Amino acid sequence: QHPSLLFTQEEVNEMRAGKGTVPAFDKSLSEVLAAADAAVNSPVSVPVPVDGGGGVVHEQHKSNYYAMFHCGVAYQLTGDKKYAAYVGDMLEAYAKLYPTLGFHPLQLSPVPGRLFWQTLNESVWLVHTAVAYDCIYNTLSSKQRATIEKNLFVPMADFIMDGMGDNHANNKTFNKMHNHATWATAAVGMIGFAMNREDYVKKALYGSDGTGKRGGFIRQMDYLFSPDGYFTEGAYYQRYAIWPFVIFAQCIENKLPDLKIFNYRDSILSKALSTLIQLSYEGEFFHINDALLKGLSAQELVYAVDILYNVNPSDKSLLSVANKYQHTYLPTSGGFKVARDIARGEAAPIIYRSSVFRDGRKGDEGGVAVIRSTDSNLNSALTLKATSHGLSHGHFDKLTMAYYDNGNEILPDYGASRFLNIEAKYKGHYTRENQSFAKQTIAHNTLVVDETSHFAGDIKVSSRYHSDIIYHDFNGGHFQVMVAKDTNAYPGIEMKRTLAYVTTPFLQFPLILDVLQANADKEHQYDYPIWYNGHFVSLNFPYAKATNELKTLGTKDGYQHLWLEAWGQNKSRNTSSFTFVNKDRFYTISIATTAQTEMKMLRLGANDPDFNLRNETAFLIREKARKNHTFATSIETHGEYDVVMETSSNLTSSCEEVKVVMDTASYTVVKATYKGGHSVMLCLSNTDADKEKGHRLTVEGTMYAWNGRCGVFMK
């Protein structure tokens, strides 16, 4: 009967008999045992709660649940009674303390805990401590178990479910479709499994009323993901959210195998993990919405990989995720199996595929589209984000694009402004500049109208709406294309964005064409920003540069944070080109312009009194007093630049012209001309998205015929 949460007795016996046969697993287990030994060698401290996040007491109780977790696992994997004694002594200290605790003295959280300032931390503590208890259960006397369950576990589970006294806010969280409810239901269900309390299990799975209609872990699996396994807050918070799902699902599979939890909703948990992998580049998640440095190496993804690979070991690509990015394994049958199958040479390459991940519970509220390189000599990704808002972490970023190549982020998404766990920098919280800059439209690679963010930067307005991915073709032979549309970011303005990834026979690397159409009945200022990662090489037009004084580009909606470093116009050519270098590769952005277009080089860092912003750079194209406008862009990747060997070639752009050669209600046509008499013609049906519809168009005496929304012609 015990253990059964993280593993069964048979599985523990197997792991112990297998010691020495898989060195990588042995190394991970040794690290668990070292953590447990460190806890055992230290005095036990269970202080009266007095502080919030980062406080010494808060951090002590957090350390305690990790210590109990590690000691319970260590006891199971070694049989050494000192680990079980540690857990038992600490549980008896908690059972003495907990009956004396009212609501936490700190008046800050809308759902205050008793052990912690917020109930979320109480739930995380209980998940880990339920595992510890399960691991040491048989070493305790009946008297000890009765006291611990009566004075600690039953009151804590009841509190997480229902609150206390007159404050029942915890019950609203318990039944919510939210990550904090995933933790609360995992905590209550896992301690219910450990105590054989079927009522806790039922309410964790199906909500307080048991119907599954207005709460519960199962319903969360139906509501917190799209049908493609996409979590609407983004990839960084999807990483956080997947962790309690896979932990609790593994417990459910051990105790209730006939529920087939890992098949539920077409194996939604597997889809979540797959989506996380397909939304990463070089192991790092695309920094959409609020996001910090985080990727496939995170412990949440070690849990997800080891648990889900154990459920379907035919998915050998997961072994590569573990071997390339994780190098560590759970102390479970699944972690052992991952390390063992890696050692047997079974890992298969990770296959990154162009994809559309739909947003919304039903998949009908926008999406994220990713075009992936298909040539095995290359390593590139191009993203187009056309989602719902994204709840509290959402950015005002409809139709934003990003480009990744050659191991690097080339045209980036900024992510969040936040200095995790650095108390001296805004106590580690999201900074003022996360709201005033990082969420604003100008921080992104997308259209900004009249120096105003999408939805005027109002979360409640933005939360009404979503963009649409309206067309895609990832199998065009010589190209891939994706198209998105938004009509609510700026009421009265229709925005469309087409991104084509074209493999020409005449350029060194695949070409990207971007076409951003804005259609309005009133005049506006249209800003087209391209944030770039690298060092300035050249502009093909004259510019002025700040000499001894720098001023800001604007005053509001993020523009107050932008230094205006250089500015210029192109009076002599119809195409304006910016070349920069990133590591050993050059990139050229070429855009169709007129003599009235304004070009600006920007650098982040103004109005930043606390040094909360990075020194990032952008190339901005500004059009004044336009009703309809088409931004047409060629993005070239070119050149070999070896500083160690001191060699170089193809360092200059080959783009001679970008021109909109037709722009009617029915069709928009862009011609990009390259050295040697070569060209790419991109033909766009503006008014339908039918994959099978045929089109014919005449440009410059030549007839262009194609099927589907977008035609790509090369010569």
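The numbering used is simple: start at 1 and walk along the sequence shown.
Residue stretch of maximal mean CA temperature factor, 312-320 vs 536-544: Of 536-544 and 312-320, the stretch with the higher C-alpha B-factor average is 312-320.
Higher-scoring stretch by recorded Cα B factor average, 287-295 or 241-249: Higher mean C-alpha B-factor: 287-295.
For the listed residues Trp531, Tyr303, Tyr641, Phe631, which one has the largest C-alpha B-factor as given in the deposited model? Spelled out: the listed residue with the top C-alpha B-factor is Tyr641.
From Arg340, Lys485, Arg372, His395, pick the one with the largest CA B-factor in the entry? In the PDB entry, the greatest C-alpha B-factor among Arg340, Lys485, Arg372, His395 is found at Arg340.
Relative to the other modelled residues of the same chain, rank the CA B-factor of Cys71 and answer lowest, middle or highest third. Lowest third - that is where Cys71 ends up once the chain's C-alpha B-factors are sorted.
Give the position of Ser590 by CA B-factor within its chain, expressed as the lowest, middle or highest third. As the PDB entry reports it, the C-alpha B-factor of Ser590 lands in the lowest third of its chain.
Ranked by Cα temperature factor within the chain, is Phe103 in the lowest third, the middle third or the highest third? Top third by C-alpha B-factor.
CA B-factor ranking of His524, expressed as a third of its chain: Within its chain, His524 is a middle-third residue by C-alpha B-factor, going by the deposited values.
Quick check on the deposited entry: does the C-alpha B-factor of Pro609 sit in the lowest, middle or highest third of its chain? Ranked within chain, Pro609 CA B lands in the middle tercile.
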